[PDB]
Amino acid sequence: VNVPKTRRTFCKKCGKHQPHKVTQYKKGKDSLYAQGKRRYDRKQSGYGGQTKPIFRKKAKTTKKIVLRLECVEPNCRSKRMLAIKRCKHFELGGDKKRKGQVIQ
Amino acid sequence: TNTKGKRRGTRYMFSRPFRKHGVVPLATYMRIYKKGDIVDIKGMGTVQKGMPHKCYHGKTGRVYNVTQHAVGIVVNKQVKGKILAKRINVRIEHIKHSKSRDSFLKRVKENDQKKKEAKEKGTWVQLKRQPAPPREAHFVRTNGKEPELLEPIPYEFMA
Amino acid sequence: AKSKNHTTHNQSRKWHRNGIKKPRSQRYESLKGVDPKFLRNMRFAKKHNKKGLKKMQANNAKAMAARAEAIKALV
RNA sequence: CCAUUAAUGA
RNA sequence: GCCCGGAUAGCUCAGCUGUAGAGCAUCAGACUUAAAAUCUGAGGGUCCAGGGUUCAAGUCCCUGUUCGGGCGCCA
RNA sequence: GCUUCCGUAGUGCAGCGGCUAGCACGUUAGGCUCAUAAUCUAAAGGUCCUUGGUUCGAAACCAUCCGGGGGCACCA
RNA sequence: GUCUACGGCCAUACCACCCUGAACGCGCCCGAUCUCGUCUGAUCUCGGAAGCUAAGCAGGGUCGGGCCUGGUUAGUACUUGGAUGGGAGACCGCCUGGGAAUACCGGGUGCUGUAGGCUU
RNA sequence: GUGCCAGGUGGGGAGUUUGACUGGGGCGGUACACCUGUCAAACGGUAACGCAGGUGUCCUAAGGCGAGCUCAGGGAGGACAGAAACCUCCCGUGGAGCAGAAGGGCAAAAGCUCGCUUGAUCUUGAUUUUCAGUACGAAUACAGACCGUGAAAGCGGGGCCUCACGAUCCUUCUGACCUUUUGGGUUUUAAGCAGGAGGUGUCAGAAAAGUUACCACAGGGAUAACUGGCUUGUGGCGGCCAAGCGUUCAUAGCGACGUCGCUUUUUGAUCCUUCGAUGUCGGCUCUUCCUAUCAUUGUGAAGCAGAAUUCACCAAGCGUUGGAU
RNA sequence: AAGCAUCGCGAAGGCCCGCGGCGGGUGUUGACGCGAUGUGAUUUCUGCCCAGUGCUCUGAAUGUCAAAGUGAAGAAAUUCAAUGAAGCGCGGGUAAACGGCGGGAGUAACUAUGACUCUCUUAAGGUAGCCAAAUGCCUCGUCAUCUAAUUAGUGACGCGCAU
RNA sequence: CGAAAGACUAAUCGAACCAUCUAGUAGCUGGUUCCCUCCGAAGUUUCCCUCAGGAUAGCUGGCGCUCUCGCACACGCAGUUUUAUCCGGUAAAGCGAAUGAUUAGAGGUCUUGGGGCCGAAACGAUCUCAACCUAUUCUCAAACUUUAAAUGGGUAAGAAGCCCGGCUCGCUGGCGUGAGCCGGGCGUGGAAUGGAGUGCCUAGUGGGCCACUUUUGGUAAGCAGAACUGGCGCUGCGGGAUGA
RNA sequence: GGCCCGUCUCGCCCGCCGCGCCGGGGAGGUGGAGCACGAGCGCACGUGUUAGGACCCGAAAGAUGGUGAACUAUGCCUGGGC
RNA sequence: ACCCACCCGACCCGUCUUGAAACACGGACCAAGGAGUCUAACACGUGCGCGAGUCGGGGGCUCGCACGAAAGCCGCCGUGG
Ligand SMILES: [Mg+2]
Ligand SMILES: [Mg+2]
Ligand SMILES: [Mg+2]
Ligand SMILES: [Mg+2]
Ligand SMILES: [Mg+2]
Ligand SMILES: [Mg+2]
Ligand SMILES: [Mg+2]
Ligand SMILES: [Mg+2]
Ligand SMILES: [Mg+2]
Ligand SMILES: [Mg+2]
Ligand SMILES: [Mg+2]
Ligand SMILES: [Mg+2]
Ligand SMILES: [Mg+2]
Ligand SMILES: [Mg+2]
Ligand SMILES: [Mg+2]
Ligand SMILES: [Mg+2]
Ligand SMILES: [Mg+2]
Ligand SMILES: [Mg+2]
Ligand SMILES: [Mg+2]
Ligand SMILES: [Mg+2]
Ligand SMILES: [Mg+2]
Ligand SMILES: [Mg+2]
Ligand SMILES: [Mg+2]
Ligand SMILES: [Mg+2]
Ligand SMILES: [Mg+2]
Ligand SMILES: [Mg+2]
Ligand SMILES: [Mg+2]
Ligand SMILES: [Mg+2]
Ligand SMILES: [Mg+2]
Ligand SMILES: [Mg+2]
Ligand SMILES: [Mg+2]
Ligand SMILES: [Mg+2]
Ligand SMILES: [Mg+2]
Ligand SMILES: [Mg+2]
Ligand SMILES: [Mg+2]
Ligand SMILES: [Mg+2]
Ligand SMILES: [Mg+2]
Ligand SMILES: [Mg+2]
Ligand SMILES: [Mg+2]
Ligand SMILES: [Mg+2]
Ligand SMILES: [Mg+2]
Ligand SMILES: [Mg+2]
Ligand SMILES: [Mg+2]
Ligand SMILES: [Mg+2]
Ligand SMILES: [Mg+2]
Ligand SMILES: [Mg+2]
Ligand SMILES: [Mg+2]
Ligand SMILES: [Mg+2]
Ligand SMILES: [Mg+2]
Ligand SMILES: [Mg+2]
Ligand SMILES: [Mg+2]
Ligand SMILES: [Zn+2]
């Protein structure tokens with residue numbers, strides 16, 4: 001699909017429609033010192049083989065893409081996640097498709 | 001098994017009749033509806049938002065909520081073992097007035113008028129309804145002529 | 001080892017054994033589902049119905065006096 | 001340093 | 001999920017900012033009396049596509065598509 | 001049975017929906033040679049299996065039928 | 001009787017052809033400076049009035065097509081309930097109650113609301 | 001070399017798994033989560049491995065307004081230009097198009113082309129749909145704000161409507177001058193509340209390869225391999241008609257194109273009895289029964305001159321052999 | 001089973017046992033030895049292929065690469081960066097290791113086939129031999145013979161499902 | 001341990017024997033002990049690695065409560081009918097109506113083309129078929145339909161209903177609407193039959209089968225699978241000779 | 001209708017030992033197993049659901065610790081026989 | 001109530017099952033034993049005492065225990081549920 005990098009939409013902190021800077025959300029590092037991560041580390045340390053399941057029945061072909069909407073106006077700097085439906089092609093600023101053109 | 005879709009088998013139900021397609025007429029948009037009005041439901045294929053489910057097509061309930069351009073109605077659905085008074089929000093175009101109450105209201109008005117009449121007179125007038133009575137025995141006359149003799153027709157093969 | 005899938009054979013008999021009922025119709029039905037602005041403002045009307053009690057009681061007393069004068073003219 | 005072959009009778 | 005590479009003429013391979021070269025093949029020319037062989041010429045390059053430093057990039061780097069290899073596994 | 005493949009001169013075949021159905025092995029010339037062997041090219045060469053249908057136009061796309069042929073059919 | 005503007009029901013209103021329109025209308029029509037938009041004042045918009053019922057529109061007509069409503073089709077097809085009815089079956093007959101649709105043959109061809117005109 | 005960690009290898013060895021539906025089970029398919037038309041018997045509901053299908057996508061516009069036009073097709077014309085290139089007139093109820101499968105819906109639209117946009121934004125509830133009236137997904141009116149569009153009425157909080165999707169726990173990101181971080185104060189960190197995402201396609205969601213003819217156990221005729229039972233497609237057998245074969249001549253003997261029946265001596269189809277067992281094929285021996293008669297007895301018809309041979313009836317009394325493989 | 005042919009090992013070794021130890025078997029042993037394999041006397045022969053799975057050789061010419069250690073930031077927990085062993089990747093050998101040995105096109109004066117040449121997946125494409133075998137569905141293959149009669153037997157042919 | 005058969009290892013070997021954990025587990029078979037009385041089923045919805053089983057609704061039993069009274073004086077409820085009011089798209093019928101199939105004549109150079117015949121050719125005479133038109137004619141459609149039943153499905157048949165007078169509103173607002181509170185006046189609301197409403201626990205069941213009518217797949221089946229209703233299961237008795 | 005707690009929206013007012021990133025209050029949505037002049041506690045009996053051997057009898061199994069080479073399998077020592 | 005005779009009826013009980021007299025399974029006969037128990041957590045209903053309270057757990061005081069390892073009592077009468 002195609003989304004632009006700017007979006008005049010609602011902001012939670014201001015309470016009005018302001019232009020937000022649009023980019024794509026990605027996962028972060030697990031940081032190794034979370035509660036469930038340290039619980040899994042201690043439950044895995046020692047004998048016993050492996051204590052928690054490894055999921056190996058992948059059936060989806062794509063992901064729900066998430067836009068990271070960041071406000072443009074200073075002194076607010078508000079960020080917000082916005083999920084769109086499942087698509088396997090995705091781009092920003094991607095070729096506005098030019099209605100009234102020869103397709104060859 | 002079948003499918004569990006919302007419009008499964010609505011080819012003739014949620015469709016428009018013959019030579020009555022096109023623009024929905026405007027008096028249908030501008031009927032008025034109050035609370036407690038007895039209202040039947042008939043789905044229309046043109047207007048598609050606010051459409052009721054096909055298990056309410058032909059059912060009749062009472063109005064509990066009147067919104068801006070829709071009407072809430074308490075209908076009766078028999079869910080296999082019991083009748084449930086359940087509330088559905090149906091848009092205006094899928095909604096007519098039920099005239100089953102109008103004859104009752106005119107009969108109540110006629111009974112109130114015929115009760116105010118002949119009250120100071122002292123006479124007792126029957127106000128209830130009564131079914132089809134025996135046909136009040138009479139004379140069947142003829143002006144001299146005899147009844148026409150009917151005859152069973154002789155058989156002949158058509159094809 | 002196949003089996004029977006679906007039927008509705010004895011079900012209507014089972015349903016009509018215990019007497020399929022009309023729903024419990026009560027006077028003063030609930031207001032769950034009514035639009036919130038109209039519920040809000042009927043709540044304001046029921047809140048401010050206590051204002052004007054002396055006018056209502058005085059006009060009911062004058063209505064009693066009017067019915068007394070009417071029944072005096074009738075009798 | 002590499003170089004293969006020239007259809008039968010007259 | 002990370003890292004390391006590749007994608008070129010109809011086909012197979014080299015080629016680091018100052019007309020992308022060779023081999024197989026096609027069509028011709030040349031040597032020999034003639035043929036096979038040998039030599040030469042011509043055609044054919046979406047360099048997988050796009051963007052960016054630069055005056056010029058395929059070559060330097062990212063974004064989408066494949067061909068791989070090595071790691072690691074919590075719903 | 002099921003999945004199929006092919007029906008095109010006497011023969012092996014080919015054919016991008018718009019060709020004069022390429023062309024070779026046979027049959028018949030003819031050029032050439034001292035006469036012969038091979039030729040480098042021409043003539044008399046087609047029941048596109050059959051029927052029906054769409055398209056302007058069918059071997060080429062679809063449906064049935066008719067002939068030659070390949071493979072699967074497991075435990076008690 | 002009739003028209004204009006806005007309509008309700010949405011062909012008894014539509015479609016093909018012919019005839020008639022006095023007055024108020026409604027339009028055809030005359031131009032592009034202003035507002036406006038096009039390749040073109042053809043459409044849209046603007047400024048008007050020399051002609052006109054030619055056209056739209058209104059009314060009427062067609063042994064008109066269609067549409068609406070009835071008879072025939074026909075108590076026919078079908079169908080609720082019943083039988084130790086028939087028949088090898090297929091199906092059919094009866095009791096009991098309801099009850100169609102073609103072809104075919106008749107009638108009709110818009111009513112009405114609001115506001116303002118014309119026939120003073 | 002020993003002691004302790006870290007990395008590779010590791011069926012030498014250990015534990016465990018090897019889905020479900022299924023006209024028995026494997027193979028073949030998904031009828032396992034969904035959607036349309038039919039089945040479906042004119043409310044709804046309704047099954048099979050019933051039929052035709054479709055889905056796990058796509059869209060910065062194909063979402064949301066406003067404006068202008070009419071689409072497919074046909075006729076008539078016009079240089080190249082013909083049946084299809086482009087221009088114009090007329091007819092044109094939708095016979096085109098609306099992303100897809102199908103159904104419904106739509107004509108100054110819901111279609112095409114333009115102009116502006118991001119209601120595809122944030123936050124409480126209520127309701128419908130499968131339903132147990134529980135979720136999830138989808139949808140329906142509203143409520144509070146902030147907006148877009150238009151001159152305004154209004155419309156819009158995704159796709160013209162019916163599908164395009166996912167619990168607990170864990171992780172990641174975002175938000176509050178938010179709470180805790182256990183003696184008190186600061187800071188890093190961590191834990192909390194809410195929203196979104198990383199997925200469970202066996203789709204209300206284990207983390208999972210085979211073989212056993214060396215096998216074992218608890219059961220099942222809920223379920224097969226034999227026989228018996230219903231049916232007879234198929235196998236075999238017998239009629240009806242009669243275009244023709246027979247030198248002429250349908251029927252001496254045959255008989256196409258069609259059609260009506262019998263049998264369980266063949267294979268199919270079902271699973272009704274049997275899995276706390278009914279010994280599973282042939283051959284040898286032996287007895288009885290049926291006639292759908294090969295021969296013998298008695299007959300009728302021949303394309304019966306005699307011989308030989310075909311058709312048909314009464315008829316199972318008596319016979320139906322020895323061997324190579 | 002003898003014969004044949006491989007593999008490892010020169011003793012702080014090869015193969016193996018052991019909960020354990022300067023433990024133990026081979027070993028009162030030393031390559032004509034010990035341990036692990038395949039094939040199965042004599043004769044003759046043992047063809048081609050290292051692409052795959054194995055095994056094995058070296059290599060700062062190196063992609064990945066844990067712990068410990070090194071440097072940088074901070075108040076520190078912590079984070080980052082370089083270095084980064086063996087092994088996997090890359091490169092040779094190895095089939096008396098496991099194993100594998102098919103299709104396509106052109107081409108010979110009757111047809112047919114292909115002595116000859118090129119290419120594919122993936123590395124060559126079944127060599128010498130042998131056979132309807134204990135190995136062939138078709139099949140009771142075809143021919144000769146053994147019989148009066150042979151789905152049996154023997155001898156030949158090879159198109160050999162699948163030597 | 002095996003000159004190799006998973007052979008032998010005390011009649012025991014694809015992991016000996018004895019004792020213990022251990023009365024291991026089993027959604028799987030079998031059995032389950034006195035009488036009488038009363039009431040009395042289900043093999044169905046949804047979910048589950050669920051298909052021999054559970055959970056959940058349904059069917060069932062018990063315990064009750066709240067009310068009415070054949071003691072001169074009944075509100076409500078139905079596998080019922082009627083009176084009005086809507087819903088359908090099934091049977092039937094139609095395709096001289098649309099979509100799809102499909103038969104044959106007749107009249108018209110719409111309009112070309114192929115085998116064709118008279119002609120160098122001609123829309124010049126004759127007809128032919130592919131696609132053409134006009135009225136006709138024959139047969140159809142579960143996934144066609146203008147129509148369109150019978151059987152059905154909801155509603156209303158009153159006191160929780162009408163008719164008045166007045167307050168409140170922060171909704172809407174040219175005045176006005178709409179909704180909610182008060183006060184007052186009027187009772188047999190069609191046929192027949194019922195005494196009704198309601199709250200806890202709660203076992204068993206979740207393998208069904210047959211028959212009139214409709215109907216799917218199959219040549220058909222004592223075949224497989226559906227819809228309404230009734231039976232067997234759970235039920236004896238008279239008849240069908242026997243017998244779900 | 002009203003009140004309590006959590007969360008959201010619109011706005012204003014009051015108080016001080018420390019005038020603050022203080023504390024409290026209003027109106028209207030919504031969630032709670034709440035309040036709204038109590039009804040529980042203790043014992044006993046019946047039924048139902050469980051954990052335990054769990055109505056009774058039943059496996060193929062797994063683990064721990066021991067006993068056997070008087071049969072048989074093989075190696076060694078010492079005798080016998082053909 | 002013991003035996004015999006006649007008429008009509010009358011297949012062998014339990015279980016799995018849609019269906020059993022079954023050519024489905026267990027079953028010669030008889031006597032004895034033999035299978036829904038006990039603890040804890042709950043839920044509902046019922047009986048009793050007290051009542052915004054209720055209960056004494058545990059412990060202590062009285063009798064040397066025949067009856068008893070009973071009963072009675074507690075500024076512990078409420079620490080605590
Ligand atoms: Mg460790
Ligand atoms: Mg079942
Ligand atoms: Mg003009
Ligand atoms: Mg005019
Ligand atoms: Mg005129
Ligand atoms: Mg007419
Ligand atoms: Mg193992
Ligand atoms: Mg196991
Ligand atoms: Mg299975
Ligand atoms: Mg129905
Ligand atoms: Mg528009
Ligand atoms: Mg809003
Ligand atoms: Mg749209
Ligand atoms: Mg074996
Ligand atoms: Mg086997
Ligand atoms: Mg059975
Ligand atoms: Mg059998
Ligand atoms: Mg037959
Ligand atoms: Mg003849
Ligand atoms: Mg036996
Ligand atoms: Mg026997
Ligand atoms: Mg006979
Ligand atoms: Mg013999
Ligand atoms: Mg070897
Ligand atoms: Mg070799
Ligand atoms: Mg190798
Ligand atoms: Mg050979
Ligand atoms: Mg022999
Ligand atoms: Mg031989
Ligand atoms: Mg063995
Ligand atoms: Mg009883
Ligand atoms: Mg089970
Ligand atoms: Mg239908
Ligand atoms: Mg019909
Ligand atoms: Mg069961
Ligand atoms: Mg059955
Ligand atoms: Mg026990
Ligand atoms: Mg128990
Ligand atoms: Mg046991
Ligand atoms: Mg185990
Ligand atoms: Mg059972
Ligand atoms: Mg039973
Ligand atoms: Mg049975
Ligand atoms: Mg029995
Ligand atoms: Mg029997
Ligand atoms: Mg049994
Ligand atoms: Mg016995
Ligand atoms: Mg006893
Ligand atoms: Mg309970
Ligand atoms: Mg109690
Ligand atoms: Mg407690
Ligand atoms: Zn902001």
# chains A, B, ... in the order shown; residues from 1 in each chain; ligands from 1
$ residues_near_ligand --ligand "ligand 47" --cutoff "10 Å" --atoms "only C-alpha atoms (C1' of nucleotides) and all ligand atoms" --output "list in words"
residues 276 of chain H; 25, 26, 27 and 28 of chain L
$ residues_around --residues "residue 99 of chain I" --least-positions-apart "2" --cutoff "12 Å" --atoms "only C-alpha atoms (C1' of nucleotides)" --output "JSON, numbers by chain"
{"I": [49, 50, 52, 53, 54, 95, 97, 101]}
$ write_last_selection --atoms "N, CA, C and O atoms (P, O5', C5', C4', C3', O3' and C1' of nucleotides)" --output "PDB file, in the first residue's frame"
ATOM      1  P     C I  49      36.049 -41.357 -13.960  1.00  0.00           P
ATOM      2  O5'   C I  49      34.833 -40.725 -13.150  1.00  0.00           O
ATOM      3  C5'   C I  49      33.957 -39.794 -13.766  1.00  0.00           C
ATOM      4  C4'   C I  49      32.701 -39.597 -12.958  1.00  0.00           C
ATOM      5  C3'   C I  49      32.900 -39.144 -11.525  1.00  0.00           C
ATOM      6  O3'   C I  49      33.184 -37.761 -11.416  1.00  0.00           O
ATOM      7  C1'   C I  49      31.279 -40.866 -11.594  1.00  0.00           C
ATOM      8  P     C I  50      34.429 -37.265 -10.533  1.00  0.00           P
ATOM      9  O5'   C I  50      33.866 -37.268  -9.043  1.00  0.00           O
ATOM     10  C5'   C I  50      32.605 -36.681  -8.744  1.00  0.00           C
ATOM     11  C4'   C I  50      32.544 -36.119  -7.345  1.00  0.00           C
ATOM     12  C3'   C I  50      33.677 -35.171  -6.949  1.00  0.00           C
ATOM     13  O3'   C I  50      33.136 -34.113  -6.160  1.00  0.00           O
ATOM     14  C1'   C I  50      33.519 -36.918  -5.379  1.00  0.00           C
ATOM     15  P     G I  52      28.659 -31.506  -3.476  1.00  0.00           P
ATOM     16  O5'   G I  52      27.451 -32.433  -3.008  1.00  0.00           O
ATOM     17  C5'   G I  52      26.140 -31.908  -2.848  1.00  0.00           C
ATOM     18  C4'   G I  52      25.180 -32.959  -2.350  1.00  0.00           C
ATOM     19  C3'   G I  52      25.504 -33.559  -0.991  1.00  0.00           C
ATOM     20  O3'   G I  52      25.049 -32.745   0.075  1.00  0.00           O
ATOM     21  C1'   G I  52      24.964 -35.286  -2.523  1.00  0.00           C
ATOM     22  P     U I  53      25.958 -32.530   1.380  1.00  0.00           P
ATOM     23  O5'   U I  53      25.819 -33.904   2.172  1.00  0.00           O
ATOM     24  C5'   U I  53      24.555 -34.366   2.626  1.00  0.00           C
ATOM     25  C4'   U I  53      24.665 -35.757   3.193  1.00  0.00           C
ATOM     26  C3'   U I  53      25.802 -35.958   4.179  1.00  0.00           C
ATOM     27  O3'   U I  53      25.442 -35.561   5.490  1.00  0.00           O
ATOM     28  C1'   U I  53      25.815 -37.708   2.577  1.00  0.00           C
ATOM     29  P     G I  54      26.543 -34.947   6.482  1.00  0.00           P
ATOM     30  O5'   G I  54      27.378 -36.219   6.944  1.00  0.00           O
ATOM     31  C5'   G I  54      28.736 -36.364   6.566  1.00  0.00           C
ATOM     32  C4'   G I  54      29.185 -37.799   6.634  1.00  0.00           C
ATOM     33  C3'   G I  54      30.633 -37.997   7.046  1.00  0.00           C
ATOM     34  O3'   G I  54      30.800 -37.975   8.451  1.00  0.00           O
ATOM     35  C1'   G I  54      30.183 -39.282   5.115  1.00  0.00           C
ATOM     36  P     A I  95      38.799 -43.816  -4.342  1.00  0.00           P
ATOM     37  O5'   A I  95      37.310 -44.317  -4.092  1.00  0.00           O
ATOM     38  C5'   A I  95      36.974 -45.072  -2.938  1.00  0.00           C
ATOM     39  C4'   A I  95      35.594 -45.659  -3.060  1.00  0.00           C
ATOM     40  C3'   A I  95      35.416 -46.627  -4.220  1.00  0.00           C
ATOM     41  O3'   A I  95      35.737 -47.958  -3.862  1.00  0.00           O
ATOM     42  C1'   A I  95      33.737 -44.957  -4.315  1.00  0.00           C
ATOM     43  P     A I  97      35.822 -50.439   1.212  1.00  0.00           P
ATOM     44  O5'   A I  97      34.757 -49.523   0.462  1.00  0.00           O
ATOM     45  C5'   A I  97      34.860 -48.109   0.497  1.00  0.00           C
ATOM     46  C4'   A I  97      33.872 -47.508   1.467  1.00  0.00           C
ATOM     47  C3'   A I  97      32.422 -47.471   1.013  1.00  0.00           C
ATOM     48  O3'   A I  97      31.760 -48.707   1.220  1.00  0.00           O
ATOM     49  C1'   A I  97      33.029 -45.377   1.943  1.00  0.00           C
ATOM     50  P     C I 101      20.829 -45.785 -10.808  1.00  0.00           P
ATOM     51  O5'   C I 101      21.731 -45.620 -12.109  1.00  0.00           O
ATOM     52  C5'   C I 101      21.743 -44.405 -12.843  1.00  0.00           C
ATOM     53  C4'   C I 101      22.875 -44.381 -13.839  1.00  0.00           C
ATOM     54  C3'   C I 101      22.937 -45.561 -14.791  1.00  0.00           C
ATOM     55  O3'   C I 101      22.053 -45.423 -15.889  1.00  0.00           O
ATOM     56  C1'   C I 101      25.099 -45.114 -13.919  1.00  0.00           C
TER      57        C I 101
END
$ select_by_dssp --residues "chain C" --states "alpha helix (DSSP H)" --output "ChimeraX atom specification"
/C:11-17,36-48,53-74
$ closest_atom_pairs --of "chain H" --to "chain C" --cutoff "10 Å" --atoms "only C-alpha atoms (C1' of nucleotides)" --output "tab-separated table"
residue	atom	partner	partner_atom	distance
H:21	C1'	C:2	CA	9.4
H:22	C1'	C:2	CA	7.8
H:23	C1'	C:2	CA	7.9
H:24	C1'	C:1	CA	7.8
H:45	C1'	C:8	CA	9.3
H:46	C1'	C:7	CA	7.6
H:47	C1'	C:6	CA	6.0
H:48	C1'	C:5	CA	8.6
H:125	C1'	C:36	CA	9.3
H:126	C1'	C:33	CA	5.0
H:127	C1'	C:33	CA	7.6
H:141	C1'	C:35	CA	9.3
H:142	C1'	C:35	CA	5.9
H:143	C1'	C:36	CA	5.6
H:144	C1'	C:37	CA	10.0
H:222	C1'	C:1	CA	6.0
H:223	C1'	C:1	CA	6.0
$ write_last_selection --atoms "C-alpha atoms (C1' of nucleotides)" --output "PDB file, in the first residue's frame"
ATOM      1  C1'   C H  21     -13.258 -35.753   9.852  1.00  0.00           C
ATOM      2  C1'   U H  22     -13.688 -40.112   6.809  1.00  0.00           C
ATOM      3  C1'   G H  23     -19.885 -45.055   3.858  1.00  0.00           C
ATOM      4  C1'   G H  24     -13.285 -49.679   7.879  1.00  0.00           C
ATOM      5  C1'   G H  45     -33.565 -22.754  11.361  1.00  0.00           C
ATOM      6  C1'   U H  46     -32.043 -27.232   8.714  1.00  0.00           C
ATOM      7  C1'   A H  47     -27.600 -32.511   7.055  1.00  0.00           C
ATOM      8  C1'   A H  48     -24.062 -35.614   3.823  1.00  0.00           C
ATOM      9  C1'   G H 125     -21.512   2.886  27.002  1.00  0.00           C
ATOM     10  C1'   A H 126     -25.980   0.282  24.185  1.00  0.00           C
ATOM     11  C1'   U H 127     -27.487  -3.228  20.220  1.00  0.00           C
ATOM     12  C1'   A H 141     -27.670   3.752  15.502  1.00  0.00           C
ATOM     13  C1'   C H 142     -26.265   7.303  18.982  1.00  0.00           C
ATOM     14  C1'   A H 143     -23.174  10.662  22.984  1.00  0.00           C
ATOM     15  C1'   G H 144     -18.782  14.139  23.860  1.00  0.00           C
ATOM     16  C1'   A H 222     -19.906 -48.062  17.141  1.00  0.00           C
ATOM     17  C1'   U H 223     -15.661 -50.708  12.168  1.00  0.00           C
TER      18        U H 223
END
$ residues_around --residues "segment 308-314 of chain H" --least-positions-apart "6" --cutoff "12 Å" --atoms "only C-alpha atoms (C1' of nucleotides)" --output "list in words"
residues 252, 253, 254, 293, 297, 298, 299, 300, 301 and 302 of chain H
$ atom_distance --atom1 "atom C1' of residue 318 of chain H" --atom2 "atom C1' of residue 296 of chain H"
8.4 Å
$ atom_distance --atom1 "atom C1' of residue 232 of chain J" --atom2 "atom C1' of residue 18 of chain L"
8.8 Å
$ residues_near_ligand --ligand "ligand 20" --cutoff "10 Å" --atoms "only C-alpha atoms (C1' of nucleotides) and all ligand atoms" --output "ChimeraX atom specification"
/H:277-279
$ write_last_selection --atoms "C-alpha atoms (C1' of nucleotides)" --output "PDB file, in the first residue's frame"
ATOM      1  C1'   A H 277     -13.008 -66.336  17.706  1.00  0.00           C
ATOM      2  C1'   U H 278     -18.273 -69.416  13.334  1.00  0.00           C
ATOM      3  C1'   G H 279     -10.699 -72.340  11.436  1.00  0.00           C
TER       4        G H 279
END
$ residues_near_ligand --ligand "ligand 44" --cutoff "10 Å" --atoms "only C-alpha atoms (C1' of nucleotides) and all ligand atoms" --output "PyMOL selection string"
chain L and resi 12-15+20-22
$ atom_distance --atom1 "atom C1' of residue 35 of chain I" --atom2 "atom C1' of residue 4 of chain J"
20.6 Å
$ residues_near_ligand --ligand "ligand 1" --cutoff "7 Å" --atoms "only C-alpha atoms (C1' of nucleotides) and all ligand atoms" --output "VMD selection string"
chain A and resid 45 to 47
$ write_last_selection --atoms "N, CA, C and O atoms" --output "CSV table (one decimal), in the first residue's frame"
chain,number,residue,atom,x,y,z
A,45,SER,N,18.0,-21.9,33.0
A,45,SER,CA,19.3,-22.3,33.7
A,45,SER,C,19.1,-23.5,34.6
A,45,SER,O,18.1,-23.6,35.3
A,46,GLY,N,20.0,-24.4,34.5
A,46,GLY,CA,19.9,-25.7,35.1
A,46,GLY,C,19.6,-26.8,34.1
A,46,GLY,O,19.5,-26.5,32.9
A,47,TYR,N,19.4,-28.0,34.6
A,47,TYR,CA,19.0,-29.1,33.8
A,47,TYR,C,17.5,-29.1,33.6
A,47,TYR,O,16.8,-28.2,34.3
$ closest_residue --among "J:63, J:156, J:186, J:169" --to "chain C" --atoms "only C-alpha atoms (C1' of nucleotides)"
J:169
$ decode --residues "segment 5-20 of chain A" --atoms "C-alpha atoms" --output "short mmCIF file (atom, residue, chain, number, x, y, z; two decimals), in the first residue's frame"
data_model
loop_
_atom_site.label_atom_id
_atom_site.label_comp_id
_atom_site.auth_asym_id
_atom_site.auth_seq_id
_atom_site.Cartn_x
_atom_site.Cartn_y
_atom_site.Cartn_z
CA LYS A 5 4.98 10.79 5.58
CA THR A 6 2.68 13.58 6.85
CA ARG A 7 -0.84 13.23 8.21
CA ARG A 8 -3.04 16.02 9.59
CA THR A 9 -4.82 14.07 12.33
CA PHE A 10 -5.76 14.13 16.00
CA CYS A 11 -3.22 14.56 18.80
CA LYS A 12 -3.91 13.33 22.33
CA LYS A 13 -1.88 15.95 24.20
CA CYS A 14 -3.00 19.01 22.22
CA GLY A 15 -6.58 17.92 21.58
CA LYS A 16 -6.70 19.19 17.98
CA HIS A 17 -5.92 18.04 14.45
CA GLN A 18 -2.23 18.78 13.85
CA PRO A 19 0.16 17.45 11.20
CA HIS A 20 2.00 14.34 12.40
#
